[PDB]
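Okay, so here's the structure we're looking at.
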Amino acid sequence: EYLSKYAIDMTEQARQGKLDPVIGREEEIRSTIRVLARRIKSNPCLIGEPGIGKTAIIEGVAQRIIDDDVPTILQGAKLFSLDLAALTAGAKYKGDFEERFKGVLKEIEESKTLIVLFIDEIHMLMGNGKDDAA
Amino acid sequence: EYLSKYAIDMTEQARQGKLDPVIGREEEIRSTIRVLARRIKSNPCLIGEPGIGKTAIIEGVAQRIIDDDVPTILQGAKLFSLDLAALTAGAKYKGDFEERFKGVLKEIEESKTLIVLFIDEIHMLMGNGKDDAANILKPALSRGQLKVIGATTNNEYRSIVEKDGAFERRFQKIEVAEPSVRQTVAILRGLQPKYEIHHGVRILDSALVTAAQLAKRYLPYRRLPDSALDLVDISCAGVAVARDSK
Amino acid sequence: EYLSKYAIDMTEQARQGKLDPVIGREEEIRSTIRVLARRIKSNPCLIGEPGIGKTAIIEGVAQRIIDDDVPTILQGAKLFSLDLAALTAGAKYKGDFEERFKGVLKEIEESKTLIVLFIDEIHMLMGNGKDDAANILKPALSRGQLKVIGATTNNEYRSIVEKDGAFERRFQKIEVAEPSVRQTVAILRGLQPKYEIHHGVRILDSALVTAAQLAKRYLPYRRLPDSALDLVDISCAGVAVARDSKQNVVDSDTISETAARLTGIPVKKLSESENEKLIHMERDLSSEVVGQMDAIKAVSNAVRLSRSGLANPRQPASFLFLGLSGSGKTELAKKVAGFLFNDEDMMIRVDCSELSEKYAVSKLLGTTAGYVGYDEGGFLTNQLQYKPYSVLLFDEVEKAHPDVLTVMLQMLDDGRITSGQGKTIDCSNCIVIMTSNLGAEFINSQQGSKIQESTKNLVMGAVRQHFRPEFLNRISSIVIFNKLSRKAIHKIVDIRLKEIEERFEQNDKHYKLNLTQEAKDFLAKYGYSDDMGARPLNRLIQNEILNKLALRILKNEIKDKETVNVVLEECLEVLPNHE
Ligand SMILES: Nc1ncnc2c1ncn2[C@@H]1O[C@H](COP(=O)(O)OP(=O)(O)OP(=O)(O)O)[C@@H](O)[C@H]1O
Ligand SMILES: Nc1ncnc2c1ncn2[C@@H]1O[C@H](COP(=O)(O)OP(=O)(O)OP(=O)(O)O)[C@@H](O)[C@H]1O
Ligand SMILES: Nc1ncnc2c1ncn2[C@@H]1O[C@H](COP(=O)(O)OP(=O)(O)OP(=O)(O)O)[C@@H](O)[C@H]1O
């Protein structure tokens, strides 16, 4: 699966106890849950200064998922982070990364329970004139 | 083993000697080591002006490593000087150097004892608009061992972190500075046999002192290790000519 | 016997005298032998600039083997030249490539001594996209001696190492040096009889010296092992060629002149006349440029020094032209090109008018890889690489920012200017003319047309304030052009009127120029706006003569020729009707 190559199963890291706990931040966690629970465009994004726990909050919700302290939509979820490698593995063979990325997204949508994708450094996909953003 | 195609094994050189003695830098070394011995942010930097022993420190720690004069964590560690072609070998085809950088970190990350990189010029990676522009390829894994000692002048440092913002939250600056005049002499003394051998001449101990004092009171634009050493080397070359002339 | 199908026996070639002997390469040869004598890292790699004797060493090795100057350990070996057909003989059938390398890589050790393979171009192995293109057979089998000697360009070595890795670990890199002129000549002497025999001509020993020495000075783009030979072989051919059209190689009359025909550099043509090259220069520059005689002589003399290569090998003729605008600060430069290349348009104009330290160097020298657009060299690199003794003009070099001035510092003293590409130019044989308006503040006092000593110092003051002395100290001469005395103006008016005739395409209408002294004085007197130099003379002519002429032409009041008279500054000259 492309998810095993270009992503990290954050849920599994949480499952293994490898992640630090989120202490409180309930308002932020609840906000991301409500957004994830939306009918359309269910894509929250954490905005703030660096060094304030944004990534930690997402790892936090992963833990809430691990222990089923989330809506049923999220109880069945598996959270993957997106590696920059989807693109940074190279674009020799024009369109190669576009296909790799299209590929993993296909697998994410395709049937296998609710898959949630965390893309750290989301501005990474701005793209030089979009295009690399694709 | 991508690392072996790009980096110099400082440890192997130290194992074989072929290094200058390192003088007075024990504390810079202790600090370097202390940071490397950290649980997470084990990424110290040798920072100052050119010609102040920043790479001397590395030869120094390489030797301390060879002789197990380092903490448990470093006892069996190895160190590699990288930069260079790692960013330019991929002169064609998108993502090629990026693959190398990643491959190197992979090689370092997995199994093969504790490998520490030495970046001689971190500013060269800079993070040229981030967006996978070299320096930016690192941060994801700066917690994942991949210990690295960096190096930069203060102008270069300030330029990097001001433009980046993350490196100054990932790396441990260690001030490296020119020695006192007497310490300079001790350094010159330590390198004295190197110059004497290559030029086939002697250096008076008082010449080492003169070069150290002179540099301090003569060349305001050159830091004492290089400044005094250049006064010594330049002088040695002149003497070697006299030696050859007879 | 794959080797008998795909490779050349280099010791066969040695025994048959098909290879040239080598001189001075003995230590480098010994190095390759000593590497072969190793159990590990037994494969030497000859690395250097293109042409730096890399295969000369190999060809030399073959001879050293048959001559027994090689340890018996290695002497008993045979040498073969491989690759190319070794692979391309197959095509269809996946894996044939391995099958082609495989029996070679077996026969190489099967009883019939050890065969050393020569891959003159190691860099052409590894695989185009890797593709496990039989290159894997080498490392895989490399433990069994299978000794290989190869070579690569310094640039290519870098590529080999980065592309494969294992090759760096398997091969012993060896630097191969470029010989000095003295060493080069020794090489040439060894090969001298080959050329004399091949062409049926003799070569003077001084000619060989000349080729090496001359090449070192005038062929900076080619390494001596080749450059010196190119001059010898080309020259020998030139002798045989002329002879055998419908003797010997002379140091001067053949080689010096040959090199000049090949590279340009008039000074090495050792021309028969410094009258029809220098004397006429002063006369003709003076004929067209009136006044500024001082400048003309300064240039002519600076140019004179380049004759026969007497001028400093690292310094372009160089000038800085100061003075009143309209005094010919750039016109002289064009006329110099007008003389040098017999064509004013051959001057390389450098648009210094447009400079910013952030673009100023890059538009001249271009940039490095990774930047939008390489086509380096807009004004300097792209011209100097092709025109070794061109003349450059910097129109207002004074507008340059220090970065350009730095380029000029190199240009003016050891002009091995480095292009953005990373490759140098070496333009010491060019002529550099630069201009500035700094003296305007003093020369406009009008106190004497010939620059006076007070004025001179004030002007030079400004120059020294503006440019760092480091620049000024590298200029052959700094000349402040003289102002156009009325005396000059009368001569100039005639010249200008003739110039107008000369440029008038197909002169159906042509000037009679019935100037008479009265209109000569009119143009010379009323056009003498001293503080603007001669340029206003042109405006006056356009305003008073050409406009009327054009109108009469449009009205067809003139069929040919061109009547002139003065009708009566209020007279406005006024050209007459015609027909
Ligand atoms: N419960 C928590 N709340 C806030 N921060 C925490 C918490 N637990 C751990 N942290 C630490 O807070 C730090 C903030 O870094 P984090 O990994 O969140 O990066 P960030 O805050 O998203 O900023 P960035 O965008 O530079 O990654 C982390 O280093 C994390 O170890
Ligand atoms: N104890 C020492 N060991 C090694 N080099 C030393 C020592 N003391 C002084 N030096 C001088 O300093 C040089 C390297 O040290 P230093 O870090 O001061 O230079 P640097 O500025 O680090 O180099 P760079 O410009 O790459 O940062 C050596 O080449 C040597 O001349
Ligand atoms: N001494 C002279 N004899 C004949 N014609 C001249 C002389 N000086 C100037 N001229 C004429 O006037 C013009 C001089 O041009 P030139 O550009 O050299 O003036 P300039 O001083 O270069 O202007 P600037 O200093 O701005 O480049 C030319 O077009 C030329 O026809």
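For the structure tokens, the naming scheme is as follows: chains receive sequential letters (A, B, ...) according to their order of presentation, residues are indexed from 1 within each chain, and ligands are indexed from 1 in presentation order.
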Residues within 8 Å of ligand 3, counting only C-alpha atoms and all ligand atoms: report them as a ChimeraX atom specification.
/C:288-292,323-332,395-396,435-437,484,488-489,492-493,495-496,533-538
Can you spit out the residues from that selection as a CSV table (one decimal), in the first residue's frame, using C-alpha atoms?
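Contents of part-v9.csv, freshly written:
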```
chain,number,residue,atom,x,y,z
C,288,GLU,CA,39.2,61.3,-39.1
C,289,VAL,CA,39.6,62.4,-35.5
C,290,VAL,CA,40.6,66.0,-35.3
C,291,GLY,CA,42.5,67.1,-32.2
C,292,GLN,CA,43.0,64.6,-29.5
C,323,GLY,CA,37.4,64.7,-21.7
C,324,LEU,CA,34.6,66.9,-23.0
C,325,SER,CA,31.7,65.1,-24.4
C,326,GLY,CA,31.7,65.5,-28.2
C,327,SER,CA,35.5,65.1,-28.2
C,328,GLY,CA,35.5,61.7,-29.7
C,329,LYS,CA,35.7,59.6,-26.5
C,330,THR,CA,34.0,56.7,-28.2
C,331,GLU,CA,34.5,57.8,-31.8
C,332,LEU,CA,38.2,57.2,-31.4
C,395,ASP,CA,30.6,53.5,-22.6
C,396,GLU,CA,30.6,55.2,-19.2
C,435,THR,CA,35.1,56.0,-20.9
C,436,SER,CA,34.0,58.5,-18.2
C,437,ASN,CA,32.6,62.1,-17.9
C,484,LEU,CA,37.8,71.2,-30.0
C,488,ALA,CA,39.9,71.8,-35.2
C,489,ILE,CA,36.4,72.7,-36.0
C,492,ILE,CA,36.2,68.7,-38.7
C,493,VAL,CA,33.5,70.4,-40.8
C,495,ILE,CA,35.6,65.8,-42.6
C,496,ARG,CA,32.0,65.7,-41.5
C,533,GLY,CA,32.6,69.4,-28.4
C,534,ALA,CA,32.1,68.7,-32.1
C,535,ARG,CA,28.7,67.0,-31.7
C,536,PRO,CA,26.7,70.3,-32.3
C,537,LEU,CA,28.3,70.5,-35.8
C,538,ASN,CA,26.1,67.6,-36.7
```
Taking only C-alpha atoms into account, report as a tab-separated table (two decimals) with C-alpha atoms, in the first residue's frame which residues of chain B lie within 12 Å of chain C.
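Output (result-v9.tsv):
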```tsv
chain	number	residue	atom	x	y	z
B	1	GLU	CA	25.99	3.35	1.73
B	2	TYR	CA	25.32	6.75	0.21
B	3	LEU	CA	27.13	8.44	3.00
B	4	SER	CA	30.40	6.88	1.85
B	5	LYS	CA	30.04	8.47	-1.59
B	6	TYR	CA	29.74	11.97	-0.19
B	7	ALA	CA	31.24	12.24	3.27
B	84	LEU	CA	29.70	19.12	-0.81
B	85	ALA	CA	28.32	17.00	-3.65
B	86	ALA	CA	25.39	15.92	-1.53
B	87	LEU	CA	23.62	19.02	-2.89
B	88	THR	CA	25.18	19.18	-6.38
B	89	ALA	CA	25.71	15.64	-7.65
B	90	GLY	CA	22.07	15.82	-8.77
B	91	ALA	CA	22.89	18.46	-11.39
B	92	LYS	CA	20.04	17.14	-13.51
B	93	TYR	CA	16.60	15.65	-12.92
B	94	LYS	CA	14.18	16.82	-10.34
B	96	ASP	CA	17.81	13.74	-7.52
B	97	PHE	CA	19.85	15.47	-4.81
B	100	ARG	CA	20.54	11.50	-1.89
```
Interface list for chain B, partner chain A, 12 Å threshold, only C-alpha atoms, as a VMD selection string
chain B and resid 90 92 to 103 129 to 134 136 to 141 164 to 170
Residues from the last selection, N, CA, C and O atoms, saved as a compact mmCIF listing (two decimals), in the first residue's frame:
```txt
# COMPACT_ATOMS: atom_id res chain seq x y z
N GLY B 90 23.33 15.86 -8.03
CA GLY B 90 22.07 15.82 -8.77
C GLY B 90 21.89 17.08 -9.60
O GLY B 90 20.94 17.85 -9.42
N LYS B 92 21.14 17.29 -12.58
CA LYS B 92 20.04 17.14 -13.51
C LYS B 92 19.01 16.23 -12.90
O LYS B 92 19.35 15.31 -12.16
N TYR B 93 17.76 16.44 -13.29
CA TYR B 93 16.60 15.65 -12.92
C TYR B 93 16.06 15.94 -11.54
O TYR B 93 16.74 15.80 -10.52
N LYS B 94 14.84 16.40 -11.54
CA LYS B 94 14.18 16.82 -10.34
C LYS B 94 14.12 15.75 -9.28
O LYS B 94 13.84 14.58 -9.56
N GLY B 95 14.47 16.17 -8.08
CA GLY B 95 14.45 15.32 -6.92
C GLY B 95 15.70 14.47 -6.77
O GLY B 95 15.84 13.72 -5.81
N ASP B 96 16.66 14.61 -7.67
CA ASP B 96 17.81 13.74 -7.52
C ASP B 96 18.63 14.06 -6.25
O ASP B 96 18.89 13.16 -5.45
N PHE B 97 19.04 15.31 -6.02
CA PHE B 97 19.85 15.47 -4.81
C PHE B 97 19.01 15.21 -3.57
O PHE B 97 19.53 14.84 -2.51
N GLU B 98 17.71 15.41 -3.69
CA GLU B 98 16.83 15.28 -2.56
C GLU B 98 16.84 13.83 -2.13
O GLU B 98 16.90 13.53 -0.94
N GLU B 99 16.85 12.94 -3.12
CA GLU B 99 16.93 11.52 -2.87
C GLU B 99 18.21 11.17 -2.17
O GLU B 99 18.22 10.34 -1.26
N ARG B 100 19.29 11.83 -2.54
CA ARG B 100 20.54 11.50 -1.89
C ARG B 100 20.50 11.90 -0.45
O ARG B 100 20.90 11.15 0.43
N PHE B 101 20.01 13.09 -0.19
CA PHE B 101 19.99 13.58 1.16
C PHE B 101 19.20 12.60 2.00
O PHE B 101 19.65 12.17 3.07
N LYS B 102 18.02 12.21 1.51
CA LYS B 102 17.19 11.27 2.23
C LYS B 102 17.88 9.95 2.41
O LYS B 102 17.85 9.39 3.50
N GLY B 103 18.49 9.44 1.35
CA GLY B 103 19.15 8.15 1.43
C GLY B 103 20.24 8.19 2.48
O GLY B 103 20.41 7.25 3.25
N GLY B 129 13.82 28.90 0.20
CA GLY B 129 12.38 29.03 0.00
C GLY B 129 11.70 27.82 0.58
O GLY B 129 10.54 27.53 0.28
N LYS B 130 12.43 27.11 1.44
CA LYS B 130 11.92 25.89 2.03
C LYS B 130 11.37 25.06 0.88
O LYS B 130 12.07 24.86 -0.10
N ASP B 131 10.15 24.55 0.96
CA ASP B 131 9.58 23.84 -0.19
C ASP B 131 10.59 22.82 -0.79
O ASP B 131 10.89 22.86 -1.98
N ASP B 132 11.14 21.93 0.07
CA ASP B 132 12.15 20.90 -0.27
C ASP B 132 13.54 21.41 -0.68
O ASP B 132 14.42 20.63 -1.04
N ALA B 133 13.81 22.70 -0.50
CA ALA B 133 15.10 23.31 -0.83
C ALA B 133 16.24 23.02 0.16
O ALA B 133 16.80 23.91 0.81
N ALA B 134 16.62 21.76 0.21
CA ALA B 134 17.75 21.22 0.98
C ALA B 134 17.65 21.28 2.49
O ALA B 134 17.39 20.27 3.13
N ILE B 136 15.56 22.27 4.49
CA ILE B 136 14.21 21.90 4.81
C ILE B 136 13.94 20.41 4.78
O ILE B 136 12.88 19.97 5.19
N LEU B 137 14.85 19.62 4.22
CA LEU B 137 14.67 18.20 4.17
C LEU B 137 15.01 17.55 5.51
O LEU B 137 14.63 16.42 5.78
N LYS B 138 15.77 18.26 6.33
CA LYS B 138 16.18 17.75 7.63
C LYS B 138 15.12 17.71 8.74
O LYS B 138 14.81 16.63 9.23
N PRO B 139 14.50 18.85 9.11
CA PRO B 139 13.72 19.07 10.32
C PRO B 139 12.78 17.97 10.72
O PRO B 139 12.65 17.66 11.90
N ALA B 140 12.20 17.29 9.76
CA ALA B 140 11.25 16.25 10.07
C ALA B 140 11.86 15.23 10.99
O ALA B 140 11.18 14.63 11.81
N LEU B 141 13.14 14.99 10.81
CA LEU B 141 13.80 13.97 11.56
C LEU B 141 14.83 14.48 12.55
O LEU B 141 15.59 13.68 13.07
N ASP B 164 14.86 31.12 8.33
CA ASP B 164 14.20 29.85 8.59
C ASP B 164 13.24 29.80 9.77
O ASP B 164 12.13 29.27 9.63
N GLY B 165 13.70 30.18 10.96
CA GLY B 165 12.91 30.15 12.19
C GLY B 165 12.84 28.82 12.95
O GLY B 165 12.50 28.81 14.13
N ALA B 166 13.15 27.69 12.31
CA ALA B 166 13.05 26.39 12.96
C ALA B 166 14.39 25.91 13.44
O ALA B 166 14.51 25.31 14.50
N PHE B 167 15.43 26.19 12.70
CA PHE B 167 16.73 25.69 13.11
C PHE B 167 17.14 26.21 14.48
O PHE B 167 17.61 25.45 15.33
N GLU B 168 16.87 27.46 14.76
CA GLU B 168 17.17 28.01 16.07
C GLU B 168 16.30 27.41 17.19
O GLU B 168 16.45 27.77 18.36
N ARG B 169 15.41 26.49 16.82
CA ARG B 169 14.55 25.84 17.79
C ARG B 169 14.88 24.36 17.79
O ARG B 169 14.27 23.57 18.49
N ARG B 170 15.89 24.02 17.00
CA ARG B 170 16.34 22.63 16.84
C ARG B 170 17.81 22.40 17.20
O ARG B 170 18.19 21.28 17.56
```
Set out as a tab-separated table a contact list for chain A and ligand 1 with a cut-off of 7 Å, giving each residue of chain A that qualifies its closest atom pair and distance in Å to one decimal, counting only C-alpha atoms and all ligand atoms, ordered by chain and rising residue number.
```
residue	atom	partner	partner_atom_place_in_ligand_line	distance
A:20	CA	ligand 1	8 (N)	5.5
A:21	CA	ligand 1	1 (N)	5.6
A:22	CA	ligand 1	1 (N)	3.4
A:23	CA	ligand 1	1 (N)	4.1
A:24	CA	ligand 1	1 (N)	6.8
A:49	CA	ligand 1	23 (O)	6.9
A:50	CA	ligand 1	23 (O)	3.8
A:51	CA	ligand 1	21 (O)	3.6
A:52	CA	ligand 1	21 (O)	4.2
A:53	CA	ligand 1	18 (O)	3.2
A:54	CA	ligand 1	22 (O)	3.8
A:55	CA	ligand 1	22 (O)	3.8
A:56	CA	ligand 1	18 (O)	4.2
A:57	CA	ligand 1	3 (N)	6.8
A:121	CA	ligand 1	25 (O)	6.7
```
Residues up to 8 Å from ligand 2, counting only C-alpha atoms and all ligand atoms: could you list those as a ChimeraX atom specification?
/B:20-25,46-60,120-121,151-153,176-178,184,187-188,190,223,225-226,229
Set the distance at 9 Å and use only C-alpha atoms: which residues neighbour residue 23 in chain C once local chain neighbours fewer than 2 positions away are removed? I'd like the list as a compact mmCIF listing (two decimals) with N, CA, C and O atoms, in the first residue's frame.
```txt
# COMPACT_ATOMS: atom_id res chain seq x y z
N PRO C 21 55.90 7.06 -28.54
CA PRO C 21 56.63 6.92 -27.31
C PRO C 21 56.28 8.09 -26.45
O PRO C 21 55.88 9.13 -26.97
N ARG C 25 56.60 11.07 -18.70
CA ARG C 25 55.48 10.42 -18.06
C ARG C 25 55.88 9.21 -17.26
O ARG C 25 55.03 8.51 -16.72
N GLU C 26 57.18 8.95 -17.18
CA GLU C 26 57.66 7.77 -16.48
C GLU C 26 57.11 7.62 -15.07
O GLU C 26 56.67 6.54 -14.70
N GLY C 60 52.04 4.39 -23.52
CA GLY C 60 53.38 4.31 -22.96
C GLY C 60 53.54 3.03 -22.15
O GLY C 60 54.57 2.37 -22.24
N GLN C 183 58.72 20.90 -20.49
CA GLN C 183 58.40 19.48 -20.62
C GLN C 183 57.70 19.20 -21.93
O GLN C 183 57.96 18.18 -22.58
N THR C 184 56.85 20.12 -22.33
CA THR C 184 56.09 19.98 -23.54
C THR C 184 57.03 19.92 -24.71
O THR C 184 56.85 19.10 -25.60
N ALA C 186 60.04 18.88 -24.73
CA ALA C 186 60.70 17.58 -24.76
C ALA C 186 59.77 16.56 -25.42
O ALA C 186 60.22 15.75 -26.25
N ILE C 187 58.47 16.65 -25.12
CA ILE C 187 57.51 15.76 -25.74
C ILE C 187 57.51 15.98 -27.23
O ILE C 187 57.52 15.03 -28.02
N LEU C 188 57.50 17.24 -27.63
CA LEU C 188 57.43 17.52 -29.03
C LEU C 188 58.64 16.95 -29.76
O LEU C 188 58.49 16.40 -30.84
N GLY C 190 60.36 14.36 -29.06
CA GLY C 190 60.19 12.91 -29.22
C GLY C 190 59.33 12.58 -30.42
O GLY C 190 59.55 11.59 -31.11
```
Env of range 283-287 of chain C: 12 Å cut, atoms = only C-alpha atoms, seq-sep filter 2 positions within chain, self excluded. Answer as a count of residues only.
40
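Counting from CA of residue 86 in chain A, the distance to CA of residue 147 in chain B is 24.6 Å.
Counting only C-alpha atoms, residue 104 in chain A has the following residues at most 12 Å away, ignoring those fewer than 5 positions along the same chain: residues 1, 2, 3, 4, 5, 6, 7, 80, 81, 82, 83, 85, 86, 87, 97, 98, 99, 109, 110, 115, 116 and 117 of chain A.
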Residue selection dump (N, CA, C and O atoms) as a PDB file, in the first residue's frame:
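Final file, part-v5.pdb:
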```pdb
ATOM      1  N   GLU A   1       0.842  -1.197   0.000  1.00  0.00           N
ATOM      2  CA  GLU A   1       0.000   0.000   0.000  1.00  0.00           C
ATOM      3  C   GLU A   1       0.871   1.238   0.000  1.00  0.00           C
ATOM      4  O   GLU A   1       1.896   1.280   0.675  1.00  0.00           O
ATOM      5  N   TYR A   2       0.433   2.303  -0.652  1.00  0.00           N
ATOM      6  CA  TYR A   2       1.256   3.501  -0.687  1.00  0.00           C
ATOM      7  C   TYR A   2       1.334   4.117   0.677  1.00  0.00           C
ATOM      8  O   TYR A   2       2.340   4.724   1.035  1.00  0.00           O
ATOM      9  N   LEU A   3       0.309   3.908   1.477  1.00  0.00           N
ATOM     10  CA  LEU A   3       0.305   4.438   2.824  1.00  0.00           C
ATOM     11  C   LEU A   3       1.421   3.855   3.661  1.00  0.00           C
ATOM     12  O   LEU A   3       1.842   4.460   4.638  1.00  0.00           O
ATOM     13  N   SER A   4       1.910   2.678   3.314  1.00  0.00           N
ATOM     14  CA  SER A   4       2.980   2.098   4.092  1.00  0.00           C
ATOM     15  C   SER A   4       4.337   2.657   3.668  1.00  0.00           C
ATOM     16  O   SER A   4       5.358   2.335   4.277  1.00  0.00           O
ATOM     17  N   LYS A   5       4.367   3.431   2.580  1.00  0.00           N
ATOM     18  CA  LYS A   5       5.614   3.932   2.024  1.00  0.00           C
ATOM     19  C   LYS A   5       5.763   5.437   2.120  1.00  0.00           C
ATOM     20  O   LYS A   5       6.859   5.946   2.340  1.00  0.00           O
ATOM     21  N   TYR A   6       4.670   6.148   1.924  1.00  0.00           N
ATOM     22  CA  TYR A   6       4.684   7.598   1.882  1.00  0.00           C
ATOM     23  C   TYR A   6       3.906   8.221   3.015  1.00  0.00           C
ATOM     24  O   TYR A   6       3.466   9.366   2.918  1.00  0.00           O
ATOM     25  N   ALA A   7       3.709   7.469   4.072  1.00  0.00           N
ATOM     26  CA  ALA A   7       2.941   7.966   5.190  1.00  0.00           C
ATOM     27  C   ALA A   7       3.305   7.240   6.462  1.00  0.00           C
ATOM     28  O   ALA A   7       3.921   6.179   6.425  1.00  0.00           O
ATOM     29  N   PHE A  80      -3.088   8.685   9.241  1.00  0.00           N
ATOM     30  CA  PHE A  80      -1.769   8.623   8.654  1.00  0.00           C
ATOM     31  C   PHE A  80      -1.197   9.994   8.485  1.00  0.00           C
ATOM     32  O   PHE A  80      -1.945  10.888   8.133  1.00  0.00           O
ATOM     33  N   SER A  81       0.099  10.181   8.693  1.00  0.00           N
ATOM     34  CA  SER A  81       0.656  11.476   8.350  1.00  0.00           C
ATOM     35  C   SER A  81       1.134  11.355   6.932  1.00  0.00           C
ATOM     36  O   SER A  81       1.559  10.276   6.550  1.00  0.00           O
ATOM     37  N   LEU A  82       1.209  12.440   6.191  1.00  0.00           N
ATOM     38  CA  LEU A  82       1.727  12.368   4.835  1.00  0.00           C
ATOM     39  C   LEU A  82       3.196  12.714   4.796  1.00  0.00           C
ATOM     40  O   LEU A  82       3.608  13.773   5.262  1.00  0.00           O
ATOM     41  N   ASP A  83       4.001  11.831   4.261  1.00  0.00           N
ATOM     42  CA  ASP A  83       5.420  12.115   4.168  1.00  0.00           C
ATOM     43  C   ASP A  83       5.653  13.078   3.009  1.00  0.00           C
ATOM     44  O   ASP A  83       5.009  12.989   1.964  1.00  0.00           O
ATOM     45  N   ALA A  85       7.983  12.792   1.120  1.00  0.00           N
ATOM     46  CA  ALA A  85       8.516  11.829   0.161  1.00  0.00           C
ATOM     47  C   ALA A  85       7.557  11.581  -0.961  1.00  0.00           C
ATOM     48  O   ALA A  85       7.987  11.257  -2.066  1.00  0.00           O
ATOM     49  N   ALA A  86       6.259  11.810  -0.748  1.00  0.00           N
ATOM     50  CA  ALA A  86       5.347  11.581  -1.836  1.00  0.00           C
ATOM     51  C   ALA A  86       5.855  12.361  -3.037  1.00  0.00           C
ATOM     52  O   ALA A  86       5.776  11.869  -4.155  1.00  0.00           O
ATOM     53  N   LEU A  87       6.401  13.561  -2.794  1.00  0.00           N
ATOM     54  CA  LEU A  87       6.958  14.421  -3.820  1.00  0.00           C
ATOM     55  C   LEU A  87       8.473  14.380  -3.815  1.00  0.00           C
ATOM     56  O   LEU A  87       9.109  14.295  -4.869  1.00  0.00           O
ATOM     57  N   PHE A  97       5.659  11.732  -9.365  1.00  0.00           N
ATOM     58  CA  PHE A  97       5.089  11.934  -8.049  1.00  0.00           C
ATOM     59  C   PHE A  97       3.614  12.246  -8.131  1.00  0.00           C
ATOM     60  O   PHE A  97       2.873  12.044  -7.170  1.00  0.00           O
ATOM     61  N   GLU A  98       3.156  12.733  -9.276  1.00  0.00           N
ATOM     62  CA  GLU A  98       1.768  13.101  -9.342  1.00  0.00           C
ATOM     63  C   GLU A  98       0.981  11.826  -9.229  1.00  0.00           C
ATOM     64  O   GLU A  98      -0.019  11.770  -8.517  1.00  0.00           O
ATOM     65  N   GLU A  99       1.489  10.781  -9.866  1.00  0.00           N
ATOM     66  CA  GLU A  99       0.867   9.484  -9.813  1.00  0.00           C
ATOM     67  C   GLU A  99       1.012   8.871  -8.442  1.00  0.00           C
ATOM     68  O   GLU A  99       0.071   8.277  -7.931  1.00  0.00           O
ATOM     69  N   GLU A 109      -9.223   6.973  -0.077  1.00  0.00           N
ATOM     70  CA  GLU A 109     -10.666   7.026  -0.268  1.00  0.00           C
ATOM     71  C   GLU A 109     -11.266   5.631  -0.418  1.00  0.00           C
ATOM     72  O   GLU A 109     -12.386   5.351   0.030  1.00  0.00           O
ATOM     73  N   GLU A 110     -10.556   4.769  -1.110  1.00  0.00           N
ATOM     74  CA  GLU A 110     -11.020   3.434  -1.408  1.00  0.00           C
ATOM     75  C   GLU A 110     -11.333   2.525  -0.221  1.00  0.00           C
ATOM     76  O   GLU A 110     -10.516   1.695   0.171  1.00  0.00           O
ATOM     77  N   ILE A 115     -10.238   6.746   6.676  1.00  0.00           N
ATOM     78  CA  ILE A 115      -8.846   7.060   6.701  1.00  0.00           C
ATOM     79  C   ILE A 115      -8.728   8.544   6.760  1.00  0.00           C
ATOM     80  O   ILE A 115      -9.367   9.253   5.993  1.00  0.00           O
ATOM     81  N   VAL A 116      -7.948   9.009   7.692  1.00  0.00           N
ATOM     82  CA  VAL A 116      -7.762  10.422   7.857  1.00  0.00           C
ATOM     83  C   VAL A 116      -6.324  10.703   7.553  1.00  0.00           C
ATOM     84  O   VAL A 116      -5.457   9.934   7.965  1.00  0.00           O
ATOM     85  N   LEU A 117      -6.072  11.720   6.760  1.00  0.00           N
ATOM     86  CA  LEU A 117      -4.713  12.036   6.403  1.00  0.00           C
ATOM     87  C   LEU A 117      -4.271  13.331   7.046  1.00  0.00           C
ATOM     88  O   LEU A 117      -4.922  14.352   6.883  1.00  0.00           O
TER      89      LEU A 117
END
```
Filtered DSSP result for range 27-57 of chain A, state helix (DSSP H, G or I), as a PyMOL selection string
chain A and resi 27-36+54-57
Run DSSP on the backbone and tell me which residues of range 23-128 of chain A come out as strand (DSSP E); list them as a ChimeraX atom specification.
/A:78-82,115-118
Write a file of the just-selected residues containing C-alpha atoms, as a tab-separated table (two decimals), in the first residue's frame.
```
chain	number	residue	atom	x	y	z
A	78	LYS	CA	-6.98	5.29	11.03
A	79	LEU	CA	-4.76	8.36	10.91
A	80	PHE	CA	-1.77	8.62	8.65
A	81	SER	CA	0.66	11.48	8.35
A	82	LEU	CA	1.73	12.37	4.84
A	115	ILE	CA	-8.85	7.06	6.70
A	116	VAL	CA	-7.76	10.42	7.86
A	117	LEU	CA	-4.71	12.04	6.40
A	118	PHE	CA	-2.60	14.46	8.39
```
